[PDB]
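Next up is one chain by itself, shown in structure tokens, the form deposited in one PDB entry.
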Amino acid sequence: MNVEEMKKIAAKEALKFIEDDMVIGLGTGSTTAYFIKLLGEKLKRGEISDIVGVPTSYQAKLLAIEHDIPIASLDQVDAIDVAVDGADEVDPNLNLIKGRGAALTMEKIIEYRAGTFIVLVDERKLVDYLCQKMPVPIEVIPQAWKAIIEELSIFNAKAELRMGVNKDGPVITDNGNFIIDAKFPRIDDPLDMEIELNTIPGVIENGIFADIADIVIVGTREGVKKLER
């Protein structure tokens, strides 16, 4: 089973955790986009009812609108029952790196308050340790970008300002900030790294999502499997 098939199978499995009268955090990225589309189809056909989505990005929000899924802001709802999203890396303890799509801040805001956080990934996302393949995206107040790079470099991270393709200059997040991608060698304690990185003045949020994922749905090459803690 190729990559797109792996993503699709994970998205389909996620639907099994969604019920009528739920407020659902809507993730960002290609794997979760399949889930949003399928959810929209179920709602249109009447197979599920009374669903509201709380989008983690404009991407998720616009896609939900296109698919006629009711949308609400976090401060509009009383609670997020289930949040569904993807990940760039998932380590064996179900700690994640997220942020390749630049939406890590709203993602954490919404997923932190979720009853159940369900992560959708294809096989390639499973790593032996965080930063085996991907850098940690860090959202930063623009004025602080150079100072933060310097400081991370001392910490032995290879850190670079993320640059635009469909704009000149740096990538701007939905919040108007810059993103530094910091490749650390290997993160042995994700939670404490997550906490202490946020203490750096100018750091808005970082891409380590430790001790938050409840269920990881993995589209493996030979089918769907789940990891839980």
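Don't overthink the numbering: it's just position in the shown sequence, from 1. Here the rigid core means the biggest group of C-alpha atoms that line up within 1.5 Å when the two forms are laid on top of each other. Shifts are known only where both forms have a C-alpha.
From this point on, the text means the form deposited with a small molecule bound, which you will not see here.
Shown alone here, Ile138 lies farther than 4.5 Å from the small molecule in the entry with it bound, counting heavy atoms only. Proximity of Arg100 to the small molecule in the entry with it bound falls within the 4.5 Å heavy atom cutoff. The small molecule is not drawn, but in the entry with it bound it has no heavy atom within 4.5 Å of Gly53. The small molecule in the entry with it bound is approached by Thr31, whose closest heavy atom lies within 4.5 angstroms of it.
Comparing 191-199, 64-72, 41-49, 23-31 against the small molecule in the entry with it bound, the single stretch with non-hydrogen atoms within 4.5 angstroms of it is 23-31.
Segment displaced between this form and the one not shown is 153-155 alone (run of at least 3 consecutive residues, each Cα moved 2 Å or more after rigid core superposition).
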